[PDB]
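Asks: For reference, this is run-v3.txt, and it has compact mmCIF, N, CA and C atoms and all ligand atoms.
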# COMPACT_ATOMS: atom_id res chain seq x y z
N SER A 1 126.91 126.98 208.57
CA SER A 1 125.58 127.58 208.52
C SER A 1 125.33 128.46 209.74
N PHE A 2 125.40 129.77 209.55
CA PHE A 2 125.26 130.71 210.65
C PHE A 2 123.79 131.00 210.93
N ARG A 3 123.45 131.10 212.21
CA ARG A 3 122.07 131.29 212.63
C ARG A 3 121.72 132.78 212.69
N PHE A 4 120.54 133.09 213.21
CA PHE A 4 120.08 134.46 213.38
C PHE A 4 119.47 134.67 214.76
N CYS A 5 119.29 135.94 215.11
CA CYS A 5 118.89 136.31 216.46
C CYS A 5 117.42 135.97 216.69
N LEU A 6 117.12 135.37 217.84
CA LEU A 6 115.74 135.10 218.21
C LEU A 6 114.98 136.35 218.65
N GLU A 7 115.67 137.46 218.91
CA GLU A 7 115.01 138.70 219.29
C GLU A 7 115.20 139.78 218.24
N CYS A 8 116.45 140.10 217.88
CA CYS A 8 116.72 141.23 217.00
C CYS A 8 116.70 140.82 215.53
N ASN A 9 116.67 139.52 215.24
CA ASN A 9 116.70 138.95 213.90
C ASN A 9 117.94 139.33 213.09
N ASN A 10 119.04 139.69 213.74
CA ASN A 10 120.30 139.79 213.03
C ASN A 10 121.08 138.49 213.23
N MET A 11 122.33 138.47 212.78
CA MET A 11 123.13 137.25 212.83
C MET A 11 124.14 137.30 213.97
N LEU A 12 124.31 136.15 214.64
CA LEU A 12 125.19 136.01 215.80
C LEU A 12 126.63 135.68 215.43
N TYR A 13 127.58 136.36 216.08
CA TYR A 13 129.01 136.16 215.88
C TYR A 13 129.65 135.49 217.09
N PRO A 14 130.76 134.78 216.88
CA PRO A 14 131.40 134.04 217.98
C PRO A 14 132.03 134.97 219.01
N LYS A 15 132.18 134.44 220.22
CA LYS A 15 132.87 135.15 221.29
C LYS A 15 133.31 134.14 222.34
N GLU A 16 134.12 134.62 223.28
CA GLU A 16 134.71 133.78 224.31
C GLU A 16 134.31 134.27 225.69
N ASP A 17 133.78 133.36 226.51
CA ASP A 17 133.50 133.65 227.92
C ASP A 17 134.76 133.37 228.73
N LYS A 18 135.60 134.39 228.87
CA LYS A 18 136.90 134.17 229.49
C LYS A 18 136.76 133.68 230.93
N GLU A 19 135.61 133.92 231.56
CA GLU A 19 135.37 133.41 232.90
C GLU A 19 134.79 132.00 232.90
N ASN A 20 134.44 131.45 231.74
CA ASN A 20 134.00 130.06 231.65
C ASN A 20 134.65 129.29 230.51
N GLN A 21 135.36 129.97 229.61
CA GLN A 21 136.06 129.34 228.48
C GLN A 21 135.14 128.49 227.60
N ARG A 22 133.93 128.98 227.33
CA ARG A 22 133.01 128.30 226.42
C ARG A 22 132.58 129.22 225.29
N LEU A 23 132.63 128.72 224.05
CA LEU A 23 132.31 129.52 222.87
C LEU A 23 130.82 129.86 222.85
N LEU A 24 130.49 131.12 223.13
CA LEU A 24 129.14 131.65 222.98
C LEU A 24 128.93 132.16 221.55
N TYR A 25 127.84 132.90 221.33
CA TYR A 25 127.64 133.63 220.08
C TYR A 25 127.02 134.98 220.40
N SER A 26 127.70 136.05 220.00
CA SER A 26 127.37 137.41 220.44
C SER A 26 126.66 138.19 219.35
N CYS A 27 125.53 138.80 219.71
CA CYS A 27 124.85 139.73 218.82
C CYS A 27 125.52 141.10 218.90
N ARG A 28 125.93 141.65 217.76
CA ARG A 28 126.55 142.97 217.75
C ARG A 28 125.54 144.11 217.87
N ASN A 29 124.24 143.81 217.84
CA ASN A 29 123.21 144.82 218.05
C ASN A 29 122.59 144.74 219.44
N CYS A 30 122.08 143.58 219.83
CA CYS A 30 121.39 143.45 221.10
C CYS A 30 122.35 142.84 222.12
N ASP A 31 121.84 142.57 223.32
CA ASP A 31 122.65 141.95 224.36
C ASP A 31 122.39 140.46 224.52
N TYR A 32 121.54 139.88 223.68
CA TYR A 32 121.20 138.47 223.83
C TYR A 32 122.39 137.60 223.46
N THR A 33 122.61 136.54 224.24
CA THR A 33 123.72 135.63 224.00
C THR A 33 123.27 134.21 224.35
N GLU A 34 123.17 133.35 223.35
CA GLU A 34 122.66 132.00 223.56
C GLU A 34 123.81 131.00 223.53
N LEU A 35 123.58 129.85 224.14
CA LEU A 35 124.52 128.74 224.06
C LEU A 35 124.46 128.09 222.69
N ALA A 36 125.61 127.66 222.19
CA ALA A 36 125.70 126.99 220.91
C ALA A 36 125.98 125.51 221.12
N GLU A 37 125.81 124.75 220.04
CA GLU A 37 125.99 123.30 220.05
C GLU A 37 127.30 122.86 219.42
N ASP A 38 127.74 123.53 218.36
CA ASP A 38 128.86 123.08 217.55
C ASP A 38 130.01 124.05 217.73
N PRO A 39 131.18 123.57 218.15
CA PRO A 39 132.35 124.44 218.34
C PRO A 39 133.07 124.82 217.05
N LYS A 40 132.60 124.35 215.90
CA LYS A 40 133.18 124.81 214.64
C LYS A 40 132.89 126.29 214.41
N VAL A 41 133.89 127.01 213.89
CA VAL A 41 133.79 128.44 213.67
C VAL A 41 134.13 128.83 212.23
N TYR A 42 134.76 127.93 211.47
CA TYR A 42 135.12 128.27 210.10
C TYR A 42 135.34 127.02 209.26
N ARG A 43 135.23 127.20 207.95
CA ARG A 43 135.39 126.11 206.99
C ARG A 43 135.96 126.69 205.71
N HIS A 44 136.69 125.86 204.96
CA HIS A 44 137.22 126.26 203.67
C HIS A 44 137.43 125.00 202.83
N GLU A 45 137.06 125.07 201.55
CA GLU A 45 137.07 123.91 200.67
C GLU A 45 137.70 124.29 199.34
N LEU A 46 138.41 123.33 198.75
CA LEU A 46 138.92 123.48 197.39
C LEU A 46 138.50 122.30 196.52
N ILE A 47 138.35 121.14 197.13
CA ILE A 47 137.79 119.95 196.48
C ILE A 47 136.33 119.86 196.90
N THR A 48 135.45 120.45 196.10
CA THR A 48 134.03 120.47 196.40
C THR A 48 133.27 119.64 195.38
N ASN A 49 132.04 119.25 195.76
CA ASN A 49 131.19 118.45 194.89
C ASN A 49 129.73 118.88 194.93
N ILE A 50 129.44 120.10 195.38
CA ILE A 50 128.07 120.58 195.49
C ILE A 50 127.57 120.98 194.11
N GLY A 51 126.52 120.32 193.66
CA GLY A 51 126.10 120.32 192.29
C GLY A 51 126.26 118.98 191.61
N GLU A 52 126.39 117.90 192.37
CA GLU A 52 126.52 116.56 191.80
C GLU A 52 125.15 116.03 191.43
N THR A 53 124.28 115.89 192.43
CA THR A 53 122.92 115.40 192.25
C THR A 53 121.89 116.51 192.36
N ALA A 54 122.31 117.75 192.63
CA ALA A 54 121.34 118.81 192.88
C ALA A 54 120.57 119.21 191.64
N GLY A 55 121.07 118.86 190.45
CA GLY A 55 120.44 119.26 189.21
C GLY A 55 119.32 118.31 188.84
N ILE A 56 118.41 118.06 189.77
CA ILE A 56 117.29 117.14 189.57
C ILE A 56 116.04 117.77 190.16
N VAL A 57 114.91 117.58 189.48
CA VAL A 57 113.61 117.98 189.98
C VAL A 57 112.68 116.77 189.96
N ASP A 58 111.50 116.94 190.57
CA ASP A 58 110.49 115.89 190.53
C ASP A 58 110.07 115.60 189.10
N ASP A 59 109.78 116.65 188.34
CA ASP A 59 109.29 116.57 186.96
C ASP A 59 110.42 116.51 185.94
N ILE A 60 111.61 116.05 186.33
CA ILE A 60 112.69 115.88 185.36
C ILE A 60 112.36 114.79 184.34
N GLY A 61 111.45 113.88 184.68
CA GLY A 61 110.96 112.93 183.69
C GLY A 61 110.20 113.58 182.56
N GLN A 62 109.63 114.77 182.80
CA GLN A 62 108.87 115.49 181.79
C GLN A 62 109.73 116.19 180.75
N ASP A 63 111.05 116.23 180.92
CA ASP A 63 111.90 116.84 179.90
C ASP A 63 111.97 115.92 178.69
N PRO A 64 111.50 116.34 177.52
CA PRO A 64 111.51 115.46 176.34
C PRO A 64 112.82 115.49 175.57
N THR A 65 113.80 116.26 176.02
CA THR A 65 115.07 116.36 175.32
C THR A 65 116.15 115.45 175.92
N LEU A 66 115.93 114.95 177.13
CA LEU A 66 116.90 114.07 177.79
C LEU A 66 116.96 112.70 177.13
N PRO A 67 118.15 112.16 176.87
CA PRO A 67 118.24 110.83 176.26
C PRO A 67 117.82 109.75 177.25
N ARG A 68 117.15 108.72 176.74
CA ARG A 68 116.59 107.66 177.57
C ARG A 68 117.47 106.43 177.44
N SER A 69 117.80 105.82 178.58
CA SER A 69 118.70 104.68 178.64
C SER A 69 117.96 103.42 179.09
N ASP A 70 118.62 102.29 178.87
CA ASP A 70 118.10 100.97 179.22
C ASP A 70 118.66 100.44 180.54
N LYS A 71 119.35 101.26 181.33
CA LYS A 71 119.90 100.77 182.58
C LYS A 71 118.81 100.29 183.53
N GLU A 72 119.10 99.18 184.21
CA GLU A 72 118.20 98.59 185.19
C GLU A 72 118.17 99.43 186.46
N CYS A 73 116.98 99.73 186.97
CA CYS A 73 116.92 100.41 188.26
C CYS A 73 117.29 99.36 189.30
N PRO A 74 118.35 99.54 190.10
CA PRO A 74 118.64 98.54 191.14
C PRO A 74 117.51 98.42 192.13
N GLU A 75 116.80 99.53 192.30
CA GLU A 75 115.68 99.69 193.22
C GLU A 75 114.43 99.05 192.65
N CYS A 76 114.02 99.55 191.49
CA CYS A 76 112.71 99.29 190.91
C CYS A 76 112.72 98.54 189.58
N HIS A 77 113.84 97.92 189.21
CA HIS A 77 113.95 97.12 187.98
C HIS A 77 113.37 97.82 186.75
N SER A 78 113.55 99.13 186.62
CA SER A 78 112.93 99.82 185.49
C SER A 78 113.82 99.87 184.26
N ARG A 79 113.28 99.41 183.12
CA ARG A 79 114.07 99.26 181.91
C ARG A 79 114.04 100.54 181.07
N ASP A 80 113.71 101.67 181.69
CA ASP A 80 113.57 102.94 181.00
C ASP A 80 114.04 104.05 181.93
N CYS A 81 115.17 104.67 181.62
CA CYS A 81 115.66 105.75 182.46
C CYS A 81 116.30 106.83 181.61
N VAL A 82 116.00 108.08 181.96
CA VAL A 82 116.67 109.22 181.35
C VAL A 82 117.99 109.44 182.08
N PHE A 83 118.99 109.94 181.37
CA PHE A 83 120.31 110.05 181.96
C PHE A 83 121.02 111.31 181.50
N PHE A 84 122.00 111.70 182.31
CA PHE A 84 122.78 112.91 182.09
C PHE A 84 124.05 112.82 182.92
N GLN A 85 125.02 113.65 182.56
CA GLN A 85 126.32 113.68 183.22
C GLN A 85 126.32 114.70 184.35
N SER A 86 127.48 114.84 185.00
CA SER A 86 127.58 115.72 186.16
C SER A 86 127.25 117.14 185.72
N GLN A 87 126.29 117.76 186.40
CA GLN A 87 125.92 119.11 186.01
C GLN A 87 126.92 120.18 186.42
N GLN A 88 127.91 119.86 187.25
CA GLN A 88 129.01 120.78 187.48
C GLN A 88 129.81 120.98 186.20
N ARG A 89 130.28 122.21 185.96
CA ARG A 89 130.82 122.55 184.64
C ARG A 89 132.31 122.88 184.72
N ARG A 90 133.00 122.47 185.77
CA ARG A 90 134.41 122.80 185.87
C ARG A 90 135.22 121.98 184.88
N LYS A 91 136.49 122.35 184.75
CA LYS A 91 137.35 121.73 183.75
C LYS A 91 137.80 120.35 184.19
N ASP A 92 138.02 120.16 185.48
CA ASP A 92 138.56 118.91 185.99
C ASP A 92 137.48 117.95 186.46
N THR A 93 136.21 118.30 186.27
CA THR A 93 135.12 117.44 186.75
C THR A 93 135.17 116.08 186.05
N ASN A 94 134.52 115.10 186.66
CA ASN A 94 134.49 113.74 186.13
C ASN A 94 133.66 113.75 184.83
N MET A 95 133.55 112.61 184.14
CA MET A 95 132.49 112.45 183.14
C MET A 95 131.45 111.38 183.46
N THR A 96 131.38 110.88 184.69
CA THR A 96 130.34 109.91 185.04
C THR A 96 128.95 110.53 184.98
N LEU A 97 127.97 109.67 184.73
CA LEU A 97 126.60 110.05 184.41
C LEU A 97 125.73 109.89 185.65
N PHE A 98 124.51 110.41 185.55
CA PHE A 98 123.46 110.14 186.52
C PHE A 98 122.24 109.57 185.83
N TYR A 99 121.49 108.76 186.57
CA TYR A 99 120.37 108.02 186.02
C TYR A 99 119.15 108.22 186.90
N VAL A 100 118.05 108.64 186.28
CA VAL A 100 116.78 108.94 186.94
C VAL A 100 115.74 107.96 186.43
N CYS A 101 115.07 107.26 187.35
CA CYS A 101 114.02 106.35 186.92
C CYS A 101 112.75 107.17 186.70
N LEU A 102 112.02 106.86 185.62
CA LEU A 102 110.77 107.58 185.39
C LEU A 102 109.60 106.89 186.07
N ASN A 103 109.87 105.72 186.63
CA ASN A 103 108.93 104.86 187.32
C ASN A 103 109.00 105.10 188.82
N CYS A 104 110.20 104.95 189.36
CA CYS A 104 110.49 105.05 190.77
C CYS A 104 111.03 106.41 191.23
N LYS A 105 111.44 107.27 190.30
CA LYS A 105 112.06 108.58 190.54
C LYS A 105 113.33 108.56 191.39
N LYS A 106 113.89 107.40 191.74
CA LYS A 106 115.19 107.39 192.40
C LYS A 106 116.32 107.72 191.42
N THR A 107 117.21 108.63 191.81
CA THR A 107 118.40 108.84 190.98
C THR A 107 119.42 107.78 191.35
N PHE A 108 120.15 107.28 190.36
CA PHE A 108 121.19 106.28 190.59
C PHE A 108 122.36 106.52 189.65
N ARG A 109 123.35 105.63 189.74
CA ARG A 109 124.57 105.70 188.96
C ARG A 109 124.97 104.29 188.54
N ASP A 110 125.89 104.22 187.58
CA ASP A 110 126.49 102.97 187.14
C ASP A 110 127.90 102.83 187.71
N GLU A 111 128.00 102.15 188.85
CA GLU A 111 129.28 101.94 189.51
C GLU A 111 129.43 100.48 189.93
N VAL B 1 87.62 131.75 153.70
CA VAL B 1 88.93 131.43 153.13
C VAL B 1 89.76 130.65 154.14
N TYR B 2 90.21 129.47 153.73
CA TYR B 2 91.06 128.62 154.54
C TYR B 2 92.49 128.72 154.02
N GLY B 3 93.34 129.43 154.76
CA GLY B 3 94.72 129.63 154.39
C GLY B 3 95.65 129.26 155.52
N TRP B 4 96.81 129.92 155.54
CA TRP B 4 97.84 129.61 156.52
C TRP B 4 97.36 129.87 157.94
N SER B 5 96.69 131.00 158.15
CA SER B 5 96.27 131.37 159.49
C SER B 5 95.30 130.36 160.07
N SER B 6 94.50 129.69 159.24
CA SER B 6 93.62 128.65 159.75
C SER B 6 94.41 127.44 160.25
N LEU B 7 95.51 127.10 159.58
CA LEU B 7 96.39 126.06 160.11
C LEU B 7 96.99 126.48 161.44
N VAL B 8 97.47 127.72 161.51
CA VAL B 8 98.08 128.19 162.75
C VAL B 8 97.07 128.16 163.89
N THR B 9 95.83 128.55 163.62
CA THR B 9 94.82 128.59 164.67
C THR B 9 94.18 127.24 164.96
N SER B 10 94.34 126.25 164.09
CA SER B 10 93.84 124.91 164.38
C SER B 10 94.84 124.06 165.16
N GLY B 11 95.99 124.61 165.52
CA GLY B 11 96.94 123.87 166.34
C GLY B 11 97.76 122.82 165.62
N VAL B 12 98.01 123.00 164.32
CA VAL B 12 98.86 122.08 163.57
C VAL B 12 100.19 122.70 163.16
N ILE B 13 100.33 124.02 163.22
CA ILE B 13 101.61 124.71 163.06
C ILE B 13 101.68 125.79 164.12
N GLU B 14 102.86 125.96 164.71
CA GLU B 14 103.07 127.04 165.66
C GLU B 14 104.40 127.72 165.39
N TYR B 15 104.57 128.90 165.98
CA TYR B 15 105.77 129.69 165.82
C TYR B 15 106.67 129.48 167.03
N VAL B 16 107.98 129.43 166.80
CA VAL B 16 108.97 129.31 167.86
C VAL B 16 110.11 130.28 167.60
N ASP B 17 110.50 131.03 168.63
CA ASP B 17 111.70 131.84 168.57
C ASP B 17 112.91 131.06 169.08
N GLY B 18 114.07 131.72 169.08
CA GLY B 18 115.30 131.04 169.45
C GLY B 18 115.29 130.49 170.87
N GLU B 19 114.70 131.24 171.80
CA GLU B 19 114.69 130.81 173.19
C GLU B 19 113.82 129.57 173.37
N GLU B 20 112.61 129.59 172.81
CA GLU B 20 111.74 128.43 172.91
C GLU B 20 112.35 127.23 172.21
N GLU B 21 113.18 127.48 171.19
CA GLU B 21 113.84 126.43 170.44
C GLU B 21 114.76 125.60 171.33
N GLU B 22 115.23 126.18 172.44
CA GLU B 22 116.08 125.45 173.38
C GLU B 22 115.40 124.20 173.92
N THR B 23 114.08 124.23 174.09
CA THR B 23 113.37 123.19 174.82
C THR B 23 112.72 122.13 173.93
N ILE B 24 112.91 122.19 172.62
CA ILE B 24 112.16 121.32 171.72
C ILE B 24 113.11 120.38 170.99
N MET B 25 112.52 119.33 170.43
CA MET B 25 113.21 118.25 169.72
C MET B 25 112.61 118.18 168.33
N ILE B 26 113.33 118.68 167.33
CA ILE B 26 112.76 118.89 166.01
C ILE B 26 113.18 117.73 165.12
N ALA B 27 112.20 117.02 164.56
CA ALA B 27 112.49 116.02 163.54
C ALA B 27 112.78 116.70 162.21
N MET B 28 113.78 116.19 161.50
CA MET B 28 114.24 116.88 160.30
C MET B 28 113.26 116.69 159.15
N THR B 29 112.75 115.48 158.97
CA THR B 29 111.79 115.16 157.93
C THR B 29 110.68 114.32 158.54
N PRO B 30 109.50 114.29 157.91
CA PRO B 30 108.41 113.47 158.44
C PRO B 30 108.73 111.99 158.51
N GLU B 31 109.72 111.51 157.76
CA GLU B 31 110.12 110.11 157.88
C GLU B 31 110.94 109.84 159.13
N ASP B 32 111.69 110.83 159.61
CA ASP B 32 112.48 110.63 160.82
C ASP B 32 111.62 110.33 162.04
N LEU B 33 110.31 110.60 161.98
CA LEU B 33 109.44 110.31 163.11
C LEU B 33 109.32 108.82 163.41
N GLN B 34 109.64 107.96 162.46
CA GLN B 34 109.62 106.52 162.67
C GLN B 34 110.92 105.89 162.21
N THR B 35 111.45 104.98 163.03
CA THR B 35 112.67 104.26 162.67
C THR B 35 112.37 103.24 161.58
N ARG B 36 113.15 103.28 160.51
CA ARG B 36 113.03 102.32 159.42
C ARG B 36 113.71 101.00 159.77
N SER B 37 113.35 99.96 159.02
CA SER B 37 113.84 98.61 159.26
C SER B 37 115.33 98.50 158.93
ZN ZN C 201 120.70 139.58 218.54
ZN ZN C 202 112.55 102.65 190.20
What is this structure when it is put down as structure tokens?
Replies:
Amino acid sequence: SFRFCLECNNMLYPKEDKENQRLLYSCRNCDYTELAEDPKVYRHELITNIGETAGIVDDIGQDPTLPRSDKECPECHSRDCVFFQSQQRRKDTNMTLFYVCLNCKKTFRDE
Amino acid sequence: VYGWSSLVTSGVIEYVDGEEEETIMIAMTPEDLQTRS
């Protein structure tokens, strides 16, 4: 997650203080240079799971097309829950389901 | 004259296109509204 400039409102890029050997972040427009907290500079993923539980809203109980299940809420002992599978649509994705309580609104799973 | 348009305007029949059809759950016959023994 890359930040933005507190003065110029552009985005800061990494750089090296060769006289102190500490990773700064350099604005390519202005001269402002702030200290950073995290020495990470890059990331790359192939086994991702973003979109597992994200396909939920507060009013997901209001969808009248979702099938309703009898699973017990571990949290709230609710005998009425709507359910659905992983909203990620890749070919190799799992087929495990998700469970939303209409009473307690906690999402859960059967594991 | 009480005809079709009076039913439509009294809120007992409405029109749905294909897109709105995505969000609805249509019973096939009036008996399907209740589970039989
Ligand atoms: Zn800047
Ligand atoms: Zn609950």
Asks: For CA of residue 63 (chain A) and atom C of residue 12 (chain B), determine how far apart the two atoms are, in Å to one decimal place.
Replies: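 One can read the CA of residue 63 (chain A) to atom C of residue 12 (chain B) distance as 21.3 Å.
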Asks: Could you give me, as a list in words, the residues within 8 Å of region 97-100 of chain A, counting only C-alpha atoms and dropping anything in the same chain fewer than 3 positions from it?
Replies: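 Once the adjacent positions are removed, what remains is residues 53, 61, 81, 82, 83, 84, 85, 86, 105, 106, 107, 108, 109 and 110 of chain A.
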Asks: Output as a count of residues only the set of chain B residues within 6.5 Å of chain A, with distances taken over only N, CA and C atoms.
Replies: 3
Asks: Can you work out which residues are within 6 Å of ligand ZN 202 (chain C), considering all atoms listed in the file, and then hand them over as a list in words?
Replies: residues 73, 75, 76, 77, 78, 101, 103, 104, 105 and 106 of chain A
Asks: Take the selection from the previous step and output its residues with N, CA and C atoms, as a PDB file, in the coordinates of the input.
Replies:
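File written: again-v2.pdb
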ATOM      1  N   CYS A  73     116.980  99.730 186.970  1.00  0.00           N
ATOM      2  CA  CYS A  73     116.920 100.410 188.260  1.00  0.00           C
ATOM      3  C   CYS A  73     117.290  99.360 189.300  1.00  0.00           C
ATOM      4  N   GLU A  75     116.800  99.530 192.300  1.00  0.00           N
ATOM      5  CA  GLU A  75     115.680  99.690 193.220  1.00  0.00           C
ATOM      6  C   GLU A  75     114.430  99.050 192.650  1.00  0.00           C
ATOM      7  N   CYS A  76     114.020  99.550 191.490  1.00  0.00           N
ATOM      8  CA  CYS A  76     112.710  99.290 190.910  1.00  0.00           C
ATOM      9  C   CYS A  76     112.720  98.540 189.580  1.00  0.00           C
ATOM     10  N   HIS A  77     113.840  97.920 189.210  1.00  0.00           N
ATOM     11  CA  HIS A  77     113.950  97.120 187.980  1.00  0.00           C
ATOM     12  C   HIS A  77     113.370  97.820 186.750  1.00  0.00           C
ATOM     13  N   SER A  78     113.550  99.130 186.620  1.00  0.00           N
ATOM     14  CA  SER A  78     112.930  99.820 185.490  1.00  0.00           C
ATOM     15  C   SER A  78     113.820  99.870 184.260  1.00  0.00           C
ATOM     16  N   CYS A 101     115.070 107.260 187.350  1.00  0.00           N
ATOM     17  CA  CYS A 101     114.020 106.350 186.920  1.00  0.00           C
ATOM     18  C   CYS A 101     112.750 107.170 186.700  1.00  0.00           C
ATOM     19  N   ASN A 103     109.870 105.720 186.630  1.00  0.00           N
ATOM     20  CA  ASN A 103     108.930 104.860 187.320  1.00  0.00           C
ATOM     21  C   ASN A 103     109.000 105.100 188.820  1.00  0.00           C
ATOM     22  N   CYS A 104     110.200 104.950 189.360  1.00  0.00           N
ATOM     23  CA  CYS A 104     110.490 105.050 190.770  1.00  0.00           C
ATOM     24  C   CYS A 104     111.030 106.410 191.230  1.00  0.00           C
ATOM     25  N   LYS A 105     111.440 107.270 190.300  1.00  0.00           N
ATOM     26  CA  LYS A 105     112.060 108.580 190.540  1.00  0.00           C
ATOM     27  C   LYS A 105     113.330 108.560 191.390  1.00  0.00           C
ATOM     28  N   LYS A 106     113.890 107.400 191.740  1.00  0.00           N
ATOM     29  CA  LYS A 106     115.190 107.390 192.400  1.00  0.00           C
ATOM     30  C   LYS A 106     116.320 107.720 191.420  1.00  0.00           C
TER      31      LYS A 106
END
Asks: Taking 6 positions as the minimum chain separation for residues in the same chain, which residues sit within 8 Å of residue 24 (chain A) when counting only N, CA and C atoms? Answer as a list in words.
Replies: residues 12, 13, 14, 15, 16, 17, 33, 34, 35 and 36 of chain A
Asks: For the residues selected in the previous step, produce a file with N, CA and C atoms as an mmCIF file, in the coordinates of the input.
Replies:
data_model
loop_
_atom_site.group_PDB
_atom_site.id
_atom_site.type_symbol
_atom_site.label_atom_id
_atom_site.label_comp_id
_atom_site.auth_asym_id
_atom_site.auth_seq_id
_atom_site.Cartn_x
_atom_site.Cartn_y
_atom_site.Cartn_z
ATOM 1 N N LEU A 12 124.310 136.150 214.640
ATOM 2 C CA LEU A 12 125.190 136.010 215.800
ATOM 3 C C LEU A 12 126.630 135.680 215.430
ATOM 4 N N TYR A 13 127.580 136.360 216.080
ATOM 5 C CA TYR A 13 129.010 136.160 215.880
ATOM 6 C C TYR A 13 129.650 135.490 217.090
ATOM 7 N N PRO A 14 130.760 134.780 216.880
ATOM 8 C CA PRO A 14 131.400 134.040 217.980
ATOM 9 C C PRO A 14 132.030 134.970 219.010
ATOM 10 N N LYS A 15 132.180 134.440 220.220
ATOM 11 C CA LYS A 15 132.870 135.150 221.290
ATOM 12 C C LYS A 15 133.310 134.140 222.340
ATOM 13 N N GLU A 16 134.120 134.620 223.280
ATOM 14 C CA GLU A 16 134.710 133.780 224.310
ATOM 15 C C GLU A 16 134.310 134.270 225.690
ATOM 16 N N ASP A 17 133.780 133.360 226.510
ATOM 17 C CA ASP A 17 133.500 133.650 227.920
ATOM 18 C C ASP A 17 134.760 133.370 228.730
ATOM 19 N N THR A 33 122.610 136.540 224.240
ATOM 20 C CA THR A 33 123.720 135.630 224.000
ATOM 21 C C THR A 33 123.270 134.210 224.350
ATOM 22 N N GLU A 34 123.170 133.350 223.350
ATOM 23 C CA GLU A 34 122.660 132.000 223.560
ATOM 24 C C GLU A 34 123.810 131.000 223.530
ATOM 25 N N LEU A 35 123.580 129.850 224.140
ATOM 26 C CA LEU A 35 124.520 128.740 224.060
ATOM 27 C C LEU A 35 124.460 128.090 222.690
ATOM 28 N N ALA A 36 125.610 127.660 222.190
ATOM 29 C CA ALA A 36 125.700 126.990 220.910
ATOM 30 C C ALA A 36 125.980 125.510 221.120
#
Asks: Could you list, as a compact mmCIF listing (two decimals) with N, CA and C atoms, in the frame of the given file, all protein and nucleic acid residues with an atom at most 8 Å from ligand ZN 201 (chain C), counting only C-alpha atoms and all ligand atoms?
Replies:
# COMPACT_ATOMS: atom_id res chain seq x y z
N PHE A 4 120.54 133.09 213.21
CA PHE A 4 120.08 134.46 213.38
C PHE A 4 119.47 134.67 214.76
N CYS A 5 119.29 135.94 215.11
CA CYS A 5 118.89 136.31 216.46
C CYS A 5 117.42 135.97 216.69
N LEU A 6 117.12 135.37 217.84
CA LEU A 6 115.74 135.10 218.21
C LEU A 6 114.98 136.35 218.65
N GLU A 7 115.67 137.46 218.91
CA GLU A 7 115.01 138.70 219.29
C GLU A 7 115.20 139.78 218.24
N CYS A 8 116.45 140.10 217.88
CA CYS A 8 116.72 141.23 217.00
C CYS A 8 116.70 140.82 215.53
N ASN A 9 116.67 139.52 215.24
CA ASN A 9 116.70 138.95 213.90
C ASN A 9 117.94 139.33 213.09
N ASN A 10 119.04 139.69 213.74
CA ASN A 10 120.30 139.79 213.03
C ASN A 10 121.08 138.49 213.23
N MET A 11 122.33 138.47 212.78
CA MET A 11 123.13 137.25 212.83
C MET A 11 124.14 137.30 213.97
N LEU A 12 124.31 136.15 214.64
CA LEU A 12 125.19 136.01 215.80
C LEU A 12 126.63 135.68 215.43
N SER A 26 127.70 136.05 220.00
CA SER A 26 127.37 137.41 220.44
C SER A 26 126.66 138.19 219.35
N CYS A 27 125.53 138.80 219.71
CA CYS A 27 124.85 139.73 218.82
C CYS A 27 125.52 141.10 218.90
N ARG A 28 125.93 141.65 217.76
CA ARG A 28 126.55 142.97 217.75
C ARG A 28 125.54 144.11 217.87
N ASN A 29 124.24 143.81 217.84
CA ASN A 29 123.21 144.82 218.05
C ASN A 29 122.59 144.74 219.44
N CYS A 30 122.08 143.58 219.83
CA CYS A 30 121.39 143.45 221.10
C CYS A 30 122.35 142.84 222.12
N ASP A 31 121.84 142.57 223.32
CA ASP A 31 122.65 141.95 224.36
C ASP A 31 122.39 140.46 224.52
N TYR A 32 121.54 139.88 223.68
CA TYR A 32 121.20 138.47 223.83
C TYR A 32 122.39 137.60 223.46
N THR A 33 122.61 136.54 224.24
CA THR A 33 123.72 135.63 224.00
C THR A 33 123.27 134.21 224.35
